[PDB]
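Following: one structure in structure tokens, then a few remarks.
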Amino acid sequence: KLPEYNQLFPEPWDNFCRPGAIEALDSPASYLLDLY
Amino acid sequence: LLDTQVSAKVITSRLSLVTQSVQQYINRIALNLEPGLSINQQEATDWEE
């Protein structure tokens, strides 16, 4: 209804991980894993 | 419509502070945030202008 970011993009924030963590889809660890 | 987290380092006039709060209220309703109290197109334009 009201105009706000999440209202425009309804999405559970819990469906995202914190940036910088190992859990990051682009963590340097993830890069290493891909390489491996 | 007032900020509680200001530090003691800040001083202001009573009038100015009130004005600030009023402006906040105006902007919020203009931003269509409070329930009801819509604003005409020109009316809003005048404000935001």
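One line per chain: the protein sequences are A and N, in this order.
132 is the number of the first residue of the first sequence in the authors' numbering; add one for each residue after it.
50 is the number of the first residue of the second sequence in the authors' numbering; add one for each residue after it.
Built from N, CA and C at the ideal position, the CB exists for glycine as well.
Among the options, the one whose alpha carbon lies nearest that of residue i
i	options	result
residue 187(A)	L156(A), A160(A), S161(A)	This structure does not reach residue 187(A), given that chain A is present from 132 up to 167, and the question cannot be answered.
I75(N)	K58(N), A93(N), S56(N)	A93(N)
Residue i - DSSP class collapsed to helix/strand/coil
i	result
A160(A)	helix
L166(A)	helix
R149(A)	coil
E97(N)	helix
Check whether residue i and residue j have beta carbons under 9 Å apart
i	j	result
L66(N)	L51(N)	yes
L82(N)	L133(A)	yes
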